[PDB]
Amino acid sequence: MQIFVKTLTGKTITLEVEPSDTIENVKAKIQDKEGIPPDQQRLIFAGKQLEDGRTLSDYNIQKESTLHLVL
Amino acid sequence: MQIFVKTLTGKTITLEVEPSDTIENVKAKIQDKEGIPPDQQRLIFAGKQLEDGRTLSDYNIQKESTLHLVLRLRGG
Amino acid sequence: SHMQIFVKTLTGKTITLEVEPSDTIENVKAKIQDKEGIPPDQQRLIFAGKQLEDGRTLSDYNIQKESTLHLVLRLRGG
Amino acid sequence: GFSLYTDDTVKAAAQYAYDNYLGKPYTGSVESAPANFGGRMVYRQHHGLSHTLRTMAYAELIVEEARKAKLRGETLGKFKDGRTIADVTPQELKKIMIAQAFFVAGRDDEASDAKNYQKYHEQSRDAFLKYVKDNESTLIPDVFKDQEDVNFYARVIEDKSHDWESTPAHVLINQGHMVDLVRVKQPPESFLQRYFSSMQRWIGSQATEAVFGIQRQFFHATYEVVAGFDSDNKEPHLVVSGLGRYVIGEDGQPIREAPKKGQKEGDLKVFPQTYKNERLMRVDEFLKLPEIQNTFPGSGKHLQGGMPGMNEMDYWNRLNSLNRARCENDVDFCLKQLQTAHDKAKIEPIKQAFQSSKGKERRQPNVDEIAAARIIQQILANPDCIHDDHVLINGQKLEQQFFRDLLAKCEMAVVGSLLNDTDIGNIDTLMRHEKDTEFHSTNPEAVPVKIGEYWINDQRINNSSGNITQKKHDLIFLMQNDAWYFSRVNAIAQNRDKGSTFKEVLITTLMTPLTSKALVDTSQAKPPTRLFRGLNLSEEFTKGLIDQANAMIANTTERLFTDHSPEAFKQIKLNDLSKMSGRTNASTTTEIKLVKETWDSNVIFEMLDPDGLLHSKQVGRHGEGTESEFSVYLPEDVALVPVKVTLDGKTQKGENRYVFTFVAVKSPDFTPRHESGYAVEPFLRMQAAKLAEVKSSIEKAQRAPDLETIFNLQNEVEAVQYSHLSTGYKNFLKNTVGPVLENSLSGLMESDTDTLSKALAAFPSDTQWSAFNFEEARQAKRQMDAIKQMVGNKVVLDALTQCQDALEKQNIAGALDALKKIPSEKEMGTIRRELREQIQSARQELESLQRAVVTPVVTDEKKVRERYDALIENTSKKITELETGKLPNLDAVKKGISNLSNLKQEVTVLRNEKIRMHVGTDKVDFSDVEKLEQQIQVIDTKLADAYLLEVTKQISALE
């Protein structure tokens, strides 16, 4: 699976993954990429925030989509 | 060409002129019409004052337009 | 050695005199006699609030160069 | 543009109602008796002309306060459609009033019985229908839309149904009708609570207090009684919803009945006939109820009935007078009365907002303005000191910024009061020295003109006489006639110029006080009541002005119980427009035709000057056909606060014209804060230098100390004891002269002290020396005089040095003290006429000590303090409310941010107030606003992250 993460600043970072549970775990994976710390980073897709610990699948998250994460 | 002049008194005087020649001549025409001396009267058009010696052609005055005449005088 | 001193008068004249120590007061009055025609018999000399008697020398009064003296006329007496 | 008191159509309708129904004798039976007031007859004293007119006025009022309420962040009560009373249009309102004229015109008897009610309302709606039907040709096309409309309002008059609150029109007409019963129904406290609660549901609390407040003034203006409000009233509380009573029995508790979930439940209404150990509930008991203590502002409060200023006897005399009758008869009169009442109630609250002012006269000058005027005069006197980028006087350089500051801080009219005809004359000398160019502010594509040359040639061609009065008039003429001059001047004075020359700034700084002086001298015409000012402004800027003005109008209301003053205060300090007319000789006119037609202005300032504040001076001749211009230097403590903003016609260029009517209000709350010393300090440096040259000159000219002289005269004093001169002379030198010599010697040898100053006084007079015949006394005397001057020079020298040391430290008083020391002629007199300079500086400081430092916190320390407390509680409550702000979406964040901005400005108001009420010498205490500002910071960052989050979610949702 391929996913994209974007910021309002306009930079695009391309990331690779397949479904995992855990907002934290996704947060852990973004932690590794550019040496950017995730003490409280937010996930919106569908223009909505994703709460702690429920399945990614829920919401129909899917491949080649684009995401915008802000802390 | 024909132009109209109005006063704060509320009177309207109708004047006949060419597109050309002095403001001072226009004030003179007002003098002949209603006996007002050119040193006491100022002429305004669309919120703007007309300086002496310039032509209506300069200020872009046109036919059937209206002018506003006021009287200024030193204190004594 | 030799030295010059001044004598003043209530009238306002200042007289310059040339004297040495060991001159008596009466001697100074004599020099004044030659200077201004004042008889030594009608002179009083005063120095720092004190009257100078004829018998003592200038040294006894510690009169020094450029000092000032005050001369008064004691008429009706010698 | 529509109003009751001006619209002639409404007045026509009311006049009709008076002529045909209202002014006609009661065709009833019970209580239909005619009333006699002052020996004049009125047939309907309970429901006459005064009544209906007052109700129309109520409609005007309630709509006004409703719109004010909406202009404040409030949310009025919505009807079936989303309309609130604040959505009533002028045309709709006109319909409502024309209808409101006949609402009580269908009456015959005064009876209240239901059948008579239905009948009289039938006759009322019929009367209305008739009147409309007759003038159908004038109303139906433009006043009304169709017979459908007039049928609606007629149906409202009919009131066959008992509905009262279905539409704005309904509420206005019915409530407007019944609220007029305050003056007659007692107990007052009972009804007032009822009516208040009934109006609060639709218009809001503050607007309601405003309504009843102004209502009292309406009663006073139509000579009807004004009900008191007694919170401790012990008459039985009358349950006004129907006619009923509240009863307490056995245990001092009211009759209640528990329900489903009320715990203790609703008071049982016991009808006025109750056979009951039980007792009736008094007024105060009712007001003190927990239900009525968080819903009614009158709980605990008191309103003194009658007329404040007179006893109830002669007040009763006022109630029964010709004006009551004329009120119930003369229509134009009644309308005029109500008009003045309302218009007054638009002005008085503004005055209540700020601490009071004692008198209308102009202020007195302070140190900085005295110094300013001295400087200005020295400029006019010696133009030699004027250069390219600065002005040098007495080794002191005066930049551009100095003169700008002078223009900014000094009450130039006041400074003008200190100039004279000599300074007026020196305008010629200034202009002869000048050949510099003045430019039109605007119109850079416009000619420059050498101002000096122009002035000189003008005075030579016109005022050949050199007549000073004519000079003054000519200065005023130069002000009002030549745009190349007053453009630059009025631009530089108000700190809104650009690329101006030092010559221009300076010349403006000099000409402003002179022009104001010329005005004050010249004008012997009475200060006009109404002035107008024309303005050409961009659309957006006009919009901003309308918003600010509306902010100031919306937050000031007449007082009933609760004091809504600190808010009006805050908003007026936040939005004040007065400074647009300040700092310069503003040009105005008393004829509207000037600004409306001739100059064609899109924004008009109407200045109401009833108390003769704002001292305006006539300019120019003033005959029929002139500009009728007047000039105003806006007093620093007087503000021009908006009473109304109105949309009038359009310009010749098409854009809408707005006319704002302002009202001048004087108060020490408007005086700006200015750190003193901006002008007086360089002036003190000037004086210090001027004296310095003198001290040097004296120190060098004259001989130093020789003390052999002293010693010699002492020795001679001891020598004359053996002189035969006299007993008298001996005792004179010994007893009198001796000690004087002693002290002179002592003082001259060490320092000074007063011993010198006293010794010089101990010197025997020439008369004492003269009593000693003629002898050697002369010869002692010239010595004594040598010594006297020896000491004189010393005393003058030390006095000068000490004074100068005083000047450096800015102590203006100590300088005077020293200068006092100078001996003067005799004692001293060995000094040449540089005594002139010395006594001159002494005079400069004598004059600078005549400064009147004007108080910023007059009498009302209590008002200022209480107001501050209210202000900071209000602001802190707003902030802490925004602290727990739940922000679920983006709109909420927007409103939160704008809120945060407005709060940010409020806090600075709080700050300035803290400054201006701090009296003494210490750091100002800002501890309370520090916490506030910190809260501002936190709930700013919170709002920021909330915002970027929400816009993130938005663009995410978009894809």
# chains A, B, ... in the order shown; residues from 1 in each chain; ligands from 1
$ residues_around --residues "residue 60 in chain B" --least-positions-apart "6" --cutoff "12 Å" --atoms "only C-alpha atoms" --output "short mmCIF file (atom, residue, chain, number, x, y, z; two decimals) with C-alpha atoms, in the first residue's frame"
data_model
loop_
_atom_site.label_atom_id
_atom_site.label_comp_id
_atom_site.auth_asym_id
_atom_site.auth_seq_id
_atom_site.Cartn_x
_atom_site.Cartn_y
_atom_site.Cartn_z
CA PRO B 19 -16.00 76.73 -23.89
CA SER B 20 -13.24 79.19 -23.56
CA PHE B 45 -17.54 72.77 -9.77
CA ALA B 46 -18.08 69.25 -8.41
CA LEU B 50 -11.68 77.05 -10.22
CA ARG B 54 -7.68 79.12 -16.64
#
$ interface_residues --of "chain C" --to "chain D" --cutoff "12 Å" --atoms "only C-alpha atoms" --output "PyMOL selection string"
chain C and resi 6-13+42-52+66-77
$ write_last_selection --atoms "N, CA, C and O atoms" --output "short mmCIF file (atom, residue, chain, number, x, y, z; two decimals), in the first residue's frame"
data_model
loop_
_atom_site.label_atom_id
_atom_site.label_comp_id
_atom_site.auth_asym_id
_atom_site.auth_seq_id
_atom_site.Cartn_x
_atom_site.Cartn_y
_atom_site.Cartn_z
N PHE C 6 55.15 102.01 55.19
CA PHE C 6 54.17 103.03 54.88
C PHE C 6 53.49 103.57 56.13
O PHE C 6 53.23 102.84 57.08
N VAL C 7 53.21 104.87 56.11
CA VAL C 7 52.46 105.53 57.17
C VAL C 7 51.22 106.14 56.53
O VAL C 7 51.31 106.79 55.50
N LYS C 8 50.07 105.96 57.16
CA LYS C 8 48.83 106.42 56.56
C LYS C 8 48.22 107.46 57.46
O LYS C 8 48.53 107.53 58.64
N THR C 9 47.34 108.29 56.91
CA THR C 9 46.71 109.33 57.71
C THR C 9 45.21 109.26 57.55
O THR C 9 44.71 108.81 56.52
N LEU C 10 44.49 109.70 58.58
CA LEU C 10 43.04 109.69 58.54
C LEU C 10 42.55 110.59 57.41
O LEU C 10 41.51 110.33 56.81
N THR C 11 43.33 111.63 57.12
CA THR C 11 43.07 112.53 55.99
C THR C 11 43.15 111.79 54.65
O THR C 11 42.57 112.24 53.66
N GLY C 12 43.87 110.68 54.63
CA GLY C 12 43.95 109.83 53.45
C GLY C 12 45.25 109.81 52.68
O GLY C 12 45.37 109.11 51.68
N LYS C 13 46.25 110.57 53.13
CA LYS C 13 47.55 110.53 52.48
C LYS C 13 48.37 109.32 52.93
O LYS C 13 48.32 108.92 54.09
N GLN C 42 53.39 116.23 67.79
CA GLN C 42 51.95 116.08 67.62
C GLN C 42 51.62 114.80 66.89
O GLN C 42 50.57 114.69 66.25
N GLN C 43 52.49 113.80 67.00
CA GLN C 43 52.27 112.56 66.28
C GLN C 43 52.03 111.33 67.16
O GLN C 43 52.72 111.12 68.15
N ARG C 44 51.03 110.54 66.78
CA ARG C 44 50.86 109.22 67.37
C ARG C 44 50.96 108.21 66.24
O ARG C 44 50.44 108.44 65.15
N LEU C 45 51.64 107.11 66.50
CA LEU C 45 51.79 106.07 65.50
C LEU C 45 51.16 104.80 66.04
O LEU C 45 51.41 104.42 67.18
N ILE C 46 50.33 104.14 65.24
CA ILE C 46 49.62 102.97 65.72
C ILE C 46 49.96 101.81 64.81
O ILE C 46 50.03 101.98 63.59
N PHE C 47 50.12 100.63 65.40
CA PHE C 47 50.37 99.43 64.62
C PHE C 47 49.66 98.25 65.27
O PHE C 47 49.90 97.96 66.44
N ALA C 48 48.81 97.58 64.51
CA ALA C 48 47.92 96.53 65.02
C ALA C 48 47.31 96.88 66.38
O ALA C 48 47.62 96.26 67.40
N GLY C 49 46.44 97.89 66.39
CA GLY C 49 45.71 98.29 67.58
C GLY C 49 46.53 98.77 68.76
O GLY C 49 46.01 98.87 69.87
N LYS C 50 47.81 99.08 68.54
CA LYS C 50 48.67 99.45 69.66
C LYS C 50 49.44 100.76 69.38
O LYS C 50 49.89 100.99 68.26
N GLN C 51 49.57 101.60 70.41
CA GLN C 51 50.23 102.89 70.24
C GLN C 51 51.73 102.73 70.43
O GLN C 51 52.17 102.03 71.33
N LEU C 52 52.51 103.37 69.57
CA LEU C 52 53.96 103.23 69.64
C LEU C 52 54.63 104.34 70.45
O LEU C 52 54.58 105.51 70.08
N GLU C 66 57.11 96.66 53.92
CA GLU C 66 55.80 96.78 53.26
C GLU C 66 54.65 96.82 54.26
O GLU C 66 53.48 96.78 53.86
N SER C 67 54.96 96.92 55.55
CA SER C 67 53.92 97.02 56.57
C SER C 67 53.20 98.36 56.50
O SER C 67 53.63 99.26 55.78
N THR C 68 52.10 98.47 57.23
CA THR C 68 51.36 99.72 57.27
C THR C 68 51.24 100.25 58.70
O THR C 68 51.12 99.49 59.66
N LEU C 69 51.31 101.57 58.82
CA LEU C 69 51.24 102.25 60.11
C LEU C 69 50.11 103.27 60.05
O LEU C 69 49.75 103.74 58.98
N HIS C 70 49.57 103.64 61.21
CA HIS C 70 48.50 104.64 61.22
C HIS C 70 48.88 105.83 62.06
O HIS C 70 49.07 105.73 63.26
N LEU C 71 48.96 106.98 61.41
CA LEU C 71 49.40 108.20 62.04
C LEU C 71 48.21 109.07 62.39
O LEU C 71 47.33 109.32 61.57
N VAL C 72 48.19 109.51 63.64
CA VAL C 72 47.11 110.33 64.16
C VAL C 72 47.71 111.60 64.74
O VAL C 72 48.85 111.59 65.20
N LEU C 73 46.96 112.69 64.72
CA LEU C 73 47.48 113.95 65.23
C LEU C 73 46.98 114.18 66.64
O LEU C 73 45.79 114.41 66.88
N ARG C 74 47.92 114.13 67.58
CA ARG C 74 47.62 114.38 68.98
C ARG C 74 48.00 115.82 69.29
O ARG C 74 49.06 116.11 69.85
N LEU C 75 47.13 116.74 68.87
CA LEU C 75 47.32 118.15 69.14
C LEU C 75 47.05 118.38 70.62
O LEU C 75 46.64 117.45 71.33
N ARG C 76 47.28 119.60 71.09
CA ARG C 76 47.05 119.96 72.50
C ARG C 76 47.87 119.07 73.43
O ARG C 76 47.49 118.83 74.58
N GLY C 77 49.00 118.57 72.93
CA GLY C 77 49.92 117.78 73.73
C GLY C 77 51.19 117.40 72.99
O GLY C 77 51.21 117.34 71.76
#
$ residues_around --residues "residue 56 in chain B" --least-positions-apart "2" --cutoff "12 Å" --atoms "only C-alpha atoms" --output "list in words"
residues 1, 3, 17, 18, 19, 20, 21, 22, 23, 24, 25, 26, 43, 44, 45, 49, 50, 51, 52, 53, 54, 58, 59, 60, 61, 62, 63, 65 and 67 of chain B
$ select_by_dssp --residues "chain A" --states "strand (DSSP E)" --output "NGL selection string"
:A and (2-6 or 12-16 or 42-45 or 48-49 or 66-70)
$ write_last_selection --atoms "N, CA, C and O atoms" --output "mmCIF file, in the first residue's frame"
data_model
loop_
_atom_site.group_PDB
_atom_site.id
_atom_site.type_symbol
_atom_site.label_atom_id
_atom_site.label_comp_id
_atom_site.auth_asym_id
_atom_site.auth_seq_id
_atom_site.Cartn_x
_atom_site.Cartn_y
_atom_site.Cartn_z
ATOM 1 N N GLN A 2 0.359 2.316 -0.625
ATOM 2 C CA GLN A 2 1.058 3.594 -0.662
ATOM 3 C C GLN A 2 0.195 4.682 -0.039
ATOM 4 O O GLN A 2 -0.994 4.773 -0.342
ATOM 5 N N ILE A 3 0.775 5.500 0.834
ATOM 6 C CA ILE A 3 0.031 6.625 1.395
ATOM 7 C C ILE A 3 0.847 7.909 1.304
ATOM 8 O O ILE A 3 2.076 7.873 1.214
ATOM 9 N N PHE A 4 0.158 9.043 1.321
ATOM 10 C CA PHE A 4 0.826 10.334 1.248
ATOM 11 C C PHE A 4 0.486 11.175 2.477
ATOM 12 O O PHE A 4 -0.658 11.174 2.929
ATOM 13 N N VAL A 5 1.465 11.894 3.014
ATOM 14 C CA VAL A 5 1.182 12.828 4.098
ATOM 15 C C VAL A 5 1.631 14.233 3.713
ATOM 16 O O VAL A 5 2.746 14.437 3.227
ATOM 17 N N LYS A 6 0.735 15.190 3.913
ATOM 18 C CA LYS A 6 0.980 16.577 3.543
ATOM 19 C C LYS A 6 0.779 17.516 4.730
ATOM 20 O O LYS A 6 0.148 17.154 5.720
ATOM 21 N N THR A 12 5.262 17.791 0.645
ATOM 22 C CA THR A 12 4.675 16.462 0.532
ATOM 23 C C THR A 12 5.667 15.354 0.873
ATOM 24 O O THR A 12 6.717 15.232 0.241
ATOM 25 N N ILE A 13 5.336 14.554 1.881
ATOM 26 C CA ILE A 13 6.168 13.415 2.242
ATOM 27 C C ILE A 13 5.415 12.141 1.862
ATOM 28 O O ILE A 13 4.241 11.986 2.196
ATOM 29 N N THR A 14 6.084 11.243 1.143
ATOM 30 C CA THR A 14 5.461 10.000 0.691
ATOM 31 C C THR A 14 5.846 8.834 1.594
ATOM 32 O O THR A 14 7.028 8.597 1.842
ATOM 33 N N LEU A 15 4.845 8.109 2.086
ATOM 34 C CA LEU A 15 5.090 7.057 3.066
ATOM 35 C C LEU A 15 4.508 5.709 2.632
ATOM 36 O O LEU A 15 3.455 5.650 1.992
ATOM 37 N N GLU A 16 5.095 4.608 3.091
ATOM 38 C CA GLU A 16 4.601 3.275 2.723
ATOM 39 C C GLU A 16 4.046 2.446 3.865
ATOM 40 O O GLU A 16 4.718 2.223 4.857
ATOM 41 N N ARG A 42 -1.756 15.182 15.119
ATOM 42 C CA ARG A 42 -3.162 14.935 14.887
ATOM 43 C C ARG A 42 -3.412 14.373 13.500
ATOM 44 O O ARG A 42 -2.703 14.673 12.543
ATOM 45 N N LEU A 43 -4.416 13.520 13.418
ATOM 46 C CA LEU A 43 -4.739 12.877 12.181
ATOM 47 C C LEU A 43 -6.116 13.261 11.755
ATOM 48 O O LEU A 43 -7.082 13.040 12.447
ATOM 49 N N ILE A 44 -6.195 13.829 10.577
ATOM 50 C CA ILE A 44 -7.461 14.154 10.012
ATOM 51 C C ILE A 44 -7.445 13.521 8.672
ATOM 52 O O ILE A 44 -6.511 13.706 7.936
ATOM 53 N N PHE A 45 -8.477 12.771 8.360
ATOM 54 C CA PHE A 45 -8.791 12.436 6.996
ATOM 55 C C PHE A 45 -10.273 12.482 7.002
ATOM 56 O O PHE A 45 -10.875 12.269 8.031
ATOM 57 N N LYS A 48 -11.614 14.966 9.493
ATOM 58 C CA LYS A 48 -12.044 14.590 10.798
ATOM 59 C C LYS A 48 -10.860 14.034 11.568
ATOM 60 O O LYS A 48 -9.942 13.494 10.977
ATOM 61 N N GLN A 49 -10.867 14.224 12.883
ATOM 62 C CA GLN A 49 -9.804 13.756 13.765
ATOM 63 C C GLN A 49 -10.013 12.300 14.136
ATOM 64 O O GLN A 49 -11.142 11.863 14.296
ATOM 65 N N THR A 66 -4.173 10.789 0.126
ATOM 66 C CA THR A 66 -3.310 11.825 0.675
ATOM 67 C C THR A 66 -3.803 12.246 2.059
ATOM 68 O O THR A 66 -5.006 12.306 2.313
ATOM 69 N N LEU A 67 -2.866 12.514 2.962
ATOM 70 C CA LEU A 67 -3.216 12.897 4.325
ATOM 71 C C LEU A 67 -2.587 14.215 4.762
ATOM 72 O O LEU A 67 -1.554 14.625 4.237
ATOM 73 N N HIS A 68 -3.224 14.880 5.720
ATOM 74 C CA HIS A 68 -2.675 16.111 6.265
ATOM 75 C C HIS A 68 -2.554 16.023 7.781
ATOM 76 O O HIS A 68 -3.551 16.067 8.490
ATOM 77 N N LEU A 69 -1.335 15.910 8.289
ATOM 78 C CA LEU A 69 -1.162 15.770 9.731
ATOM 79 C C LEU A 69 -0.511 17.010 10.339
ATOM 80 O O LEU A 69 0.531 17.463 9.864
ATOM 81 N N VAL A 70 -1.131 17.573 11.374
ATOM 82 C CA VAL A 70 -0.562 18.743 12.035
ATOM 83 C C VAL A 70 -0.491 18.529 13.544
ATOM 84 O O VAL A 70 -1.351 17.867 14.125
#
$ select_by_dssp --residues "chain A" --states "helix (DSSP H, G or I)" --output "ChimeraX atom specification"
/A:23-33
$ residues_around --residues "residue 131 in chain D" --least-positions-apart "4" --cutoff "12 Å" --atoms "only C-alpha atoms" --output "PDB file with C-alpha atoms, in the first residue's frame"
ATOM      1  CA  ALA D  12     -51.303  64.945  10.104  1.00  0.00           C
ATOM      2  CA  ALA D  13     -52.803  61.626  11.205  1.00  0.00           C
ATOM      3  CA  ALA D  14     -52.516  62.497  14.901  1.00  0.00           C
ATOM      4  CA  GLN D  15     -54.010  65.944  14.262  1.00  0.00           C
ATOM      5  CA  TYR D  16     -56.913  64.273  12.479  1.00  0.00           C
ATOM      6  CA  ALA D  17     -57.484  61.934  15.425  1.00  0.00           C
ATOM      7  CA  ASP D  19     -59.881  66.967  15.598  1.00  0.00           C
ATOM      8  CA  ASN D  20     -62.458  64.229  15.078  1.00  0.00           C
ATOM      9  CA  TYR D  21     -62.370  61.799  18.008  1.00  0.00           C
ATOM     10  CA  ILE D  98     -50.242  56.132  11.912  1.00  0.00           C
ATOM     11  CA  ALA D  99     -52.222  53.130  13.121  1.00  0.00           C
ATOM     12  CA  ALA D 101     -52.964  57.331  16.453  1.00  0.00           C
ATOM     13  CA  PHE D 102     -56.509  55.914  16.310  1.00  0.00           C
ATOM     14  CA  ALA D 105     -59.909  57.134  19.172  1.00  0.00           C
ATOM     15  CA  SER D 124     -61.185  52.437  16.696  1.00  0.00           C
ATOM     16  CA  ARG D 125     -60.393  50.173  13.746  1.00  0.00           C
ATOM     17  CA  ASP D 126     -63.319  51.828  11.976  1.00  0.00           C
ATOM     18  CA  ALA D 127     -61.897  55.305  12.606  1.00  0.00           C
ATOM     19  CA  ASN D 135     -56.362  59.904   2.064  1.00  0.00           C
ATOM     20  CA  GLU D 136     -55.969  56.648   0.136  1.00  0.00           C
ATOM     21  CA  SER D 137     -54.523  58.550  -2.831  1.00  0.00           C
ATOM     22  CA  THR D 138     -51.546  59.723  -0.763  1.00  0.00           C
ATOM     23  CA  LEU D 139     -50.984  56.721   1.501  1.00  0.00           C
ATOM     24  CA  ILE D 140     -51.838  53.579  -0.490  1.00  0.00           C
ATOM     25  CA  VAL D 150     -53.877  48.644   6.105  1.00  0.00           C
ATOM     26  CA  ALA D 154     -56.605  47.685  11.269  1.00  0.00           C
TER      27      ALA D 154
END
$ residues_around --residues "residue 678 in chain D" --least-positions-apart "2" --cutoff "12 Å" --atoms "only C-alpha atoms" --output "VMD selection string"
chain D and resid 366 to 372 398 401 to 410 674 to 676 680 to 684
$ write_last_selection --atoms "C-alpha atoms" --output "PDB file, in the first residue's frame"
ATOM      1  CA  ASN D 366       0.855  75.239  32.206  1.00  0.00           C
ATOM      2  CA  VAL D 367       4.663  75.543  32.305  1.00  0.00           C
ATOM      3  CA  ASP D 368       5.163  73.973  28.891  1.00  0.00           C
ATOM      4  CA  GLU D 369       2.699  76.321  27.196  1.00  0.00           C
ATOM      5  CA  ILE D 370       4.151  79.398  28.889  1.00  0.00           C
ATOM      6  CA  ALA D 371       7.606  78.378  27.687  1.00  0.00           C
ATOM      7  CA  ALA D 372       6.102  77.612  24.290  1.00  0.00           C
ATOM      8  CA  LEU D 398      15.269  73.323  18.105  1.00  0.00           C
ATOM      9  CA  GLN D 401      10.209  67.356  16.068  1.00  0.00           C
ATOM     10  CA  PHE D 402      10.221  69.941  18.858  1.00  0.00           C
ATOM     11  CA  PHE D 403       7.777  72.140  16.947  1.00  0.00           C
ATOM     12  CA  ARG D 404       5.684  69.136  15.964  1.00  0.00           C
ATOM     13  CA  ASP D 405       5.467  68.280  19.684  1.00  0.00           C
ATOM     14  CA  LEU D 406       4.469  71.854  20.434  1.00  0.00           C
ATOM     15  CA  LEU D 407       1.715  71.414  17.853  1.00  0.00           C
ATOM     16  CA  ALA D 408       0.656  68.118  19.422  1.00  0.00           C
ATOM     17  CA  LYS D 409       0.579  68.889  23.129  1.00  0.00           C
ATOM     18  CA  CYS D 410       0.128  72.633  23.630  1.00  0.00           C
ATOM     19  CA  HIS D 674       1.466  64.581  28.324  1.00  0.00           C
ATOM     20  CA  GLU D 675       4.821  64.236  30.078  1.00  0.00           C
ATOM     21  CA  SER D 676       5.709  67.837  30.913  1.00  0.00           C
ATOM     22  CA  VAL D 680       9.932  74.221  29.446  1.00  0.00           C
ATOM     23  CA  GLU D 681      13.223  72.314  29.784  1.00  0.00           C
ATOM     24  CA  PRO D 682      14.928  73.723  26.679  1.00  0.00           C
ATOM     25  CA  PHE D 683      13.632  77.130  27.799  1.00  0.00           C
ATOM     26  CA  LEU D 684      15.339  76.660  31.156  1.00  0.00           C
TER      27      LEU D 684
END
$ atom_distance --atom1 "CA of residue 248 in chain D" --atom2 "CA of residue 234 in chain D"
14.4 Å
$ residues_around --residues "residue 54 in chain A" --least-positions-apart "3" --cutoff "9 Å" --atoms "only C-alpha atoms" --output "ChimeraX atom specification"
/A:21-23,50-51,57-58
$ write_last_selection --atoms "C-alpha atoms" --output "CSV table (one decimal), in the first residue's frame"
chain,number,residue,atom,x,y,z
A,21,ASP,CA,-4.4,-0.9,14.2
A,22,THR,CA,-3.1,1.8,16.6
A,23,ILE,CA,-3.1,5.5,15.9
A,50,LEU,CA,-9.0,10.1,14.6
A,51,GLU,CA,-9.2,9.1,18.3
A,57,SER,CA,-9.7,0.5,8.4
A,58,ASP,CA,-12.6,2.1,9.9
